[PDB]
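Below you'll find the structure, written out as structure tokens, and then a few comments.
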Amino acid sequence: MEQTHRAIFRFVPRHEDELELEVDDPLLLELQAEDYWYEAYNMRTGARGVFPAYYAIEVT
Amino acid sequence: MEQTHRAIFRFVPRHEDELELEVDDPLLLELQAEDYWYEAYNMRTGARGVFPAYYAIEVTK
């Protein structure tokens with residue numbers, strides 16, 4: 001169960017459900033929801049939460 | 001009532017303070033906060049709220 005996605009933009013949470021992203025954070029994406037929020041594990045911070053879909057790219 | 005910004009990505013609110021964006025929505029940007037959330041008026045919908053700063057680009061006109 002390794003990285004599915006990589007953060008490409010800085011995201012600072014405003015809401016308690018959100019996942020903080022730094023550029024190049026490795027992400028394990030558990031759910032790509034119909035409202036364009038991704039539920040993920042940040043593999044750098046160990047935090048879980050949601051972020052806006054366009055903040056990450058799919059990795060090989 | 002002049003547009004400052006344009007939505008470039010679909011943004012569906014999860015929170016009541018958030019602004020729904022469709023791609024190309026004209027935006028009047030009222031506040032660019034230190035945490036990279038923008039407060040805007042959506043000029044298509046008439047809604048107000050906040051969205052993640054990378055979801056919009058500045059229009060130079």
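Identifiers for the structure tokens are assigned positionally: chains receive A, B, ... in sequence, residues are indexed from 1 per chain, and ligands are indexed from 1 in the order shown.
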
When you get a sec, could you note down which chain B residues fall within 12 Å of chain A, using only C-alpha atoms, as number ranges by chain? B: 8-18, 20-22, 33-38, 50-56

For residue 61 in chain B: contacts at 10 Å, only C-alpha atoms, fewer than 3 positions along chain excluded, given as a PDB file with C-alpha atoms, in the first residue's frame:
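This went into result27.pdb:
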```
ATOM      1  CA  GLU B   2     -15.499  44.279 -12.137  1.00  0.00           C
ATOM      2  CA  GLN B   3     -14.297  40.609 -12.268  1.00  0.00           C
ATOM      3  CA  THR B   4     -10.827  40.072 -10.642  1.00  0.00           C
ATOM      4  CA  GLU B  58      -6.232  36.601 -11.944  1.00  0.00           C
TER       5      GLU B  58
END
```

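The residue that comes closest to residue 44 in chain B, out of B:6, B:19, B:26, B:1 and on the basis of only C-alpha atoms, is B:26.
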
So how far away is CA of residue 60 in chain A from CA of residue 41 in chain A, in Å? 17.4 Å

Which of chain A fall in strand (DSSP E), as a PyMOL selection string: chain A and resi 5-7+26-32+37-42+48-52+56-58

Residue selection dump (N, CA, C and O atoms) as a short mmCIF file (atom, residue, chain, number, x, y, z; two decimals), in the first residue's frame:
```cif
data_model
loop_
_atom_site.label_atom_id
_atom_site.label_comp_id
_atom_site.auth_asym_id
_atom_site.auth_seq_id
_atom_site.Cartn_x
_atom_site.Cartn_y
_atom_site.Cartn_z
N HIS A 5 -0.58 9.21 -5.17
CA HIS A 5 -0.74 10.61 -5.58
C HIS A 5 0.39 11.41 -4.94
O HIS A 5 0.98 10.93 -3.94
N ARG A 6 0.63 12.58 -5.54
CA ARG A 6 1.62 13.53 -4.99
C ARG A 6 0.96 14.92 -4.98
O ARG A 6 0.31 15.29 -5.99
N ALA A 7 1.11 15.65 -3.88
CA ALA A 7 0.63 17.04 -3.78
C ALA A 7 1.45 17.92 -4.72
O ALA A 7 2.67 17.72 -4.74
N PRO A 26 3.82 12.83 -0.40
CA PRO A 26 3.30 11.57 -0.90
C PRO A 26 1.96 11.30 -0.23
O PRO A 26 1.86 11.51 0.97
N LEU A 27 0.99 10.81 -1.01
CA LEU A 27 -0.41 10.69 -0.57
C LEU A 27 -0.90 9.30 -0.94
O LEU A 27 -0.59 8.86 -2.03
N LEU A 28 -1.59 8.67 0.00
CA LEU A 28 -2.34 7.43 -0.23
C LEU A 28 -3.81 7.83 -0.23
O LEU A 28 -4.33 8.19 0.82
N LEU A 29 -4.40 7.75 -1.41
CA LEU A 29 -5.75 8.22 -1.71
C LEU A 29 -6.71 7.06 -1.48
O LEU A 29 -6.62 6.13 -2.29
N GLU A 30 -7.62 7.17 -0.52
CA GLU A 30 -8.54 6.07 -0.18
C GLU A 30 -9.87 6.25 -0.90
O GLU A 30 -10.50 5.24 -1.27
N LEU A 31 -10.29 7.49 -1.13
CA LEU A 31 -11.59 7.78 -1.76
C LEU A 31 -11.49 9.05 -2.60
O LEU A 31 -11.00 10.07 -2.08
N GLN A 32 -11.93 8.96 -3.85
CA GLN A 32 -12.13 10.11 -4.77
C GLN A 32 -13.63 10.36 -4.82
O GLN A 32 -14.29 9.64 -5.52
N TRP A 37 -13.56 16.14 -3.68
CA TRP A 37 -12.68 16.07 -2.51
C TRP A 37 -12.11 14.66 -2.44
O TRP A 37 -12.88 13.65 -2.70
N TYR A 38 -10.80 14.58 -2.17
CA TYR A 38 -10.10 13.29 -1.99
C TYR A 38 -9.91 13.06 -0.50
O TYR A 38 -9.51 14.01 0.21
N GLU A 39 -10.20 11.84 -0.04
CA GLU A 39 -9.88 11.39 1.34
C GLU A 39 -8.57 10.60 1.25
O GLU A 39 -8.50 9.66 0.41
N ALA A 40 -7.58 11.01 2.04
CA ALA A 40 -6.19 10.53 1.89
C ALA A 40 -5.46 10.45 3.23
O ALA A 40 -5.84 11.12 4.22
N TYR A 41 -4.41 9.63 3.22
CA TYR A 41 -3.34 9.60 4.22
C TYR A 41 -2.19 10.42 3.62
O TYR A 41 -1.76 10.10 2.50
N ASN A 42 -1.72 11.45 4.31
CA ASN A 42 -0.44 12.11 4.02
C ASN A 42 0.70 11.25 4.59
O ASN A 42 0.80 11.13 5.80
N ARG A 48 -4.55 12.12 8.30
CA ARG A 48 -5.66 11.74 7.41
C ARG A 48 -6.62 12.93 7.28
O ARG A 48 -6.76 13.73 8.21
N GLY A 49 -7.26 13.06 6.12
CA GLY A 49 -8.26 14.11 5.92
C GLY A 49 -8.58 14.24 4.46
O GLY A 49 -8.12 13.38 3.61
N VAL A 50 -9.30 15.33 4.14
CA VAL A 50 -9.77 15.54 2.74
C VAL A 50 -9.06 16.77 2.19
O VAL A 50 -8.67 17.68 2.95
N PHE A 51 -8.93 16.82 0.89
CA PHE A 51 -8.36 17.97 0.17
C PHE A 51 -9.01 18.04 -1.20
O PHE A 51 -9.58 17.03 -1.69
N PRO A 52 -8.94 19.24 -1.81
CA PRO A 52 -9.54 19.48 -3.10
C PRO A 52 -8.78 18.73 -4.20
O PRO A 52 -7.54 18.80 -4.21
N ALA A 56 -3.55 17.48 -6.30
CA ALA A 56 -2.70 16.28 -6.37
C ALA A 56 -2.72 15.68 -7.78
O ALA A 56 -3.70 15.85 -8.48
N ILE A 57 -1.61 15.02 -8.16
CA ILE A 57 -1.53 14.23 -9.41
C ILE A 57 -1.35 12.76 -9.04
O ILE A 57 -0.75 12.46 -8.01
N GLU A 58 -1.90 11.90 -9.88
CA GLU A 58 -1.72 10.43 -9.80
C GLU A 58 -0.29 10.07 -10.19
O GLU A 58 0.19 10.65 -11.16
#
```

For residue 20 in chain A, which residue among A:1, A:8, A:45, A:59 is the nearest when counting only C-alpha atoms? A:45
